[PDB]
Amino acid sequence: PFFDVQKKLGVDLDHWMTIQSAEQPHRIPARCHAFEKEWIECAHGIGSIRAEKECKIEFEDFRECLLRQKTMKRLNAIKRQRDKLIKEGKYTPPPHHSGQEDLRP
Amino acid sequence: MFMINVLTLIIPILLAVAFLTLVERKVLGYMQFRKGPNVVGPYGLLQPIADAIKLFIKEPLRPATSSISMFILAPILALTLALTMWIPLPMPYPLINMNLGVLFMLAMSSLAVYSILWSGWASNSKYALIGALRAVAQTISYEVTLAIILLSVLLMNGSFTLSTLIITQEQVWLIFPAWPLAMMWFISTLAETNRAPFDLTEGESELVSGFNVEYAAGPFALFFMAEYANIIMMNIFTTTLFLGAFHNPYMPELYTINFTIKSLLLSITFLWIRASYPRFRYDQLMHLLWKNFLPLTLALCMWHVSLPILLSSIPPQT
Amino acid sequence: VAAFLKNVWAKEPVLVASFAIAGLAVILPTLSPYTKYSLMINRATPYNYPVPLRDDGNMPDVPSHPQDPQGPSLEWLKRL
Amino acid sequence: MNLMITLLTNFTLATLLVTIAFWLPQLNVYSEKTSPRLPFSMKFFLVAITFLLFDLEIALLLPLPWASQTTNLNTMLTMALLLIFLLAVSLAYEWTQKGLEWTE
Amino acid sequence: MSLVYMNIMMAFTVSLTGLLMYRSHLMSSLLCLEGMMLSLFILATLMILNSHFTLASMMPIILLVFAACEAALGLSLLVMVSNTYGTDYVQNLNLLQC
Amino acid sequence: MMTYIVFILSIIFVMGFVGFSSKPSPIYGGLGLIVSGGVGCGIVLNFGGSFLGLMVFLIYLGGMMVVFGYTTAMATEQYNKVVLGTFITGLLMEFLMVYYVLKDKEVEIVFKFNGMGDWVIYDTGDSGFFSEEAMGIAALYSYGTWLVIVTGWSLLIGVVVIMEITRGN
Amino acid sequence: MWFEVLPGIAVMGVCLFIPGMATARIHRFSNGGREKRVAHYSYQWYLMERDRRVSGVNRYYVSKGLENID
Amino acid sequence: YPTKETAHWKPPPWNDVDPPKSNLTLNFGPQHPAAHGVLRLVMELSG
Amino acid sequence: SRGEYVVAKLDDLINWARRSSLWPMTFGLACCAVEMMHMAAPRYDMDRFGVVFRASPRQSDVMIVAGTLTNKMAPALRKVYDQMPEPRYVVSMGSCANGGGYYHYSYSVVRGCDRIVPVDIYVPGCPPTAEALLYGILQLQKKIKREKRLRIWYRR
């Protein structure tokens, strides 16, 4: 019983808060506006069954934009290898990673 | 360097609270055809010192308490809230210049009823608990018109920033467009701090303040000095929000002297109200809120919503 | 209707003032000539960057410089 | 950060004054003083719940100084007057069914 | 994902299992229910500020308002229960076994 | 250490929930929920939700927990092994979670969670002369018309409901 | 007579004058003889951190004008 | 089917209305003993 | 010695603060209440000595027993005196509180409030005038001034 009254009458009751790519106040984009727009324009009209298999790549990019799990995993790997090399004495941090380089602008 | 600034806020708060007791007793003296203290110091200047040393070595009262932890935490919370209400006040430059200073003060004044409620819990009396619930109901009642009058005033400001409220009142005092809000505000702030003619726990119209019964109270001096920090603070806040002074950014002490004189006159107006009127009955100030102040507050809230639209005078956001 | 209005202004002046102020707040922005300028000031406040258009060849209403004559103007706001 | 320092300073001064107010009158060792449900009101609960619901309506009303900056002023003005009108209708219904009685 | 999301979810499950295990009082049940609401408020706010999704900034206020009206309704039920039985003990609410 | 401040406040948040969920009394349960609301407000304030954290202090702790303590005073007398045992059980489970996620920088209770501080997931831009969260809450009136209608109607109905069911007639 | 209340009100007024004058002198002391930079919004903070980066001494109040370019 | 455990149960009331299964008495005097000070009043308050 | 000088100055400090900030709990028993109210009247004005008017019954320094003490209010007087935090003081005012007075041989009068509570100052009169009561309060302050609490603590 999804009585779609909003499309039958042509009223916008709650479509506006539904997604991040909708019309925002003062044209503020979200942090994953482009990824969500790509996944929505992929999955539009094709149905959920075809969207589970044919829009997997855009949805994985968008989920990894939202949660940043692969990004934080990669940063964990880089930082753990860095601290391991400081522990072994095979590495020293450069002066642009120590705070003694008078930042750009 | 910032800790020096925090101390030069919070220690003159305690000194001004100490001497507001002297100012009150002297002004209530001369308004009652008599004198206040003039024996203890020269012109009474040692009366707050003598009275604070007298109170701080006085024995805990008679009884034990129902809850020791809340008996400790209620003066801590009262004093902590009464000191944190000063830190966004633009005097002309606030200590903590935050974007939502008005809303911060409204929230931290909404939290002030927990000291009353927990001190009612901690006392062993079932009658002191009823009196604490009456005082809590009074305070939360007038918090409604505090919030809505405050919102209606800030519709002519543009933001919740207190520092913007000096820029808002450069051409006119904000009491000139909003004197009904200002008079209901002043009486509602009077009824917040349990100040006469609304002090029902400190006086009669009370089930428990009744000549030789129970109920351990806390140290009286800390609740009293939190109350007078609240009184001086709400008078400074009313001064900043309706009687805004001239600010010169090269000579800020002109603003400081000006709002200081206005805040002193407004705290003396508290002293002059309490030496003038009998107390309300409890349901009479319930009536004064719910059937008198709040309908006018909602009506003027609609007027101060619709008025910057009909005059094309919507204030800037920033 | 004027006997009842005097009766309720004699008995309950707070509520009469309340309904009068609320009635003005309801009906008065539809009658004000300045309600239009509220909209005109709120939409002409530049919160964002005015992202320019690629000059294709036929856009005579869009200027090429801020000091060009064509484009939206705020002389009405300077004057009022 | 400066706010957290200020909050900790206010809490520390309050706790220090509480420690003085409880322990300094325990220096002067005094005498040992050995000599030797609650009734419910519905009106207290109704004024507390009326406060709570009007405070929720205030929570709806608080972004109005930010809402006045919108470009949809007809809708904003309509919903603003409508929320304050529903707060007044809540107050009128609280009046007429004897809700504001004996704590009026 | 983010580390704080684990803590807010675990706080929700703590107040869940507290709400799902009564000791004596009904007020303790309503406190666990509003702690569940508090954790929902915090977790929704951290998602919405985390994503810079502007329009859903009004969502936690609507959550707060509806569930605090729900809290008022539950406190009114508790008041009627305590006026009937004298206490807010849940073992007095046992007449519906027969 | 100071980069982990939202994590420290979230651990204080879980410790406070284990505190009042042990339920020693509704009085101390209300106090624990007040302390928990304060530190969760600090969590909200440290992502940039200044208005929403003041909505915690002003609405949640400002009205609703006041009404809970008000009703606890009025419908309960003025103030164990099971309470303290379940408290130390929850505290030991949460500190074992802290120890695991700080020794491995990775954990899986139900989902996978990073062990670094949550400063990593923030944006590297600005919002100009506005707050995004403030303008989204200002959008309650311009964009959120139906939401205001149903919320104001539910509050009006809630006033009607409480006046009906507490009447006793 | 009535002017006997004025020493107490004068002491209370000095105690209210001290916090504001004190914080004004401290904000002028810690910011190079100027007002404290009010960064209520993220653009004001971006300009302020840009000042902190372009001053070279990790202080935003060190203003650099036309003499810093060629 | 009455068992060992479910044997103490009674049928519910026919109108489903159960029996309900008093007010405050205050001992009261004047606050500050200056004008009267020597008065004892045994109240029977009703809220 | 140095410690004797330090405890002498500290006794001077606490005696100054206690005598110069007396808070009275007046029992308005009988006619002497009227004359205590005249000791608070704008002519004599106890409040300019630090002796506040209408202090709380609970945080008071001196119990002024001002009137006639009967057998029906002897336990109430003693219960109020038991509730007072130390240093608590008692000023008896008038002849019925002093020794029974005009009702000394009555079946229902406690013959002086000194049969019930320990009394520091006796203010005699029927009624003793507001000036005489203020004399008794100032003599109480003189009695507080010559206390040797820390000197006796140091010498024990």
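A, B, C, D, E, F, G, H and I label the chains in the order they appear, each numbered from 1.
Keep this in mind: contacts are C-beta pairs under 8 Å (C-beta built on N, C-alpha and C of every residue); 3 or more make two chains touch, one makes a residue touch a chain.
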Shared interface partners, meaning chains that touch chain B and chain G:
F
Closest chain to the overall C-alpha centroid, by per-chain C-alpha centroid: which is it?
D
Please tell me whether D-H or E-F has the greater number of C-beta pairs in contact.
E-F
Can you check how far apart chain E and chain H are, centre to centre, with Cα atoms defining each centre and the answer in Å?
31
For chain A versus chain D, what separation do you get between their C-alpha means, in angstrom?
40
Please report how many Å separate the Cα centroid of chain C from that of chain H, as a whole number.
61
Would you kindly tell me how far, in whole Å, the mean C-alpha position of chain H lies from that of chain F?
37
By the touch definition above, chain E meets two or more other chains at residues 1-2, 50, 52-56, 58, 61, 64-65, 68-69, 71-72, 75-76, 79, 82-83, 86-87
In chain F, the residues touching two or more other chains are 51, 55, 58-59, 62-64, 66-67, 70-71, 74-75, 112, 114-116, 121, 123, 127-132, 134-140, 142-144, 147, 151, 155, 158, 162, 166, 168
At least two other chains touched by the same residue of chain H: list those residues.
32-33, 37, 45
Which stretch or stretches of chain I touch chain B in the complex?
13-14, 16-18, 20-21, 41-42, 45, 47-50, 52, 56-59, 61, 76, 79-80, 82-83, 85-86
Of chain B, residues touching chain I in the complex:
25, 29, 32-40, 44, 46-47, 49-51, 53-55, 57-62, 211-212, 217, 220
Spell out the residues on chain F that touch chain D in their complex, using ranges where they run on.
51, 55, 58-59, 62-64, 66-67, 70-71, 74-75, 77, 134-135, 137-143, 145, 148-149, 151-153, 155-156, 158-160, 162-163, 166, 168
Given the complex with chain I, which residues does chain H contribute to the contact?
32-38
Contact set on chain I toward chain D in their complex:
82, 86, 149
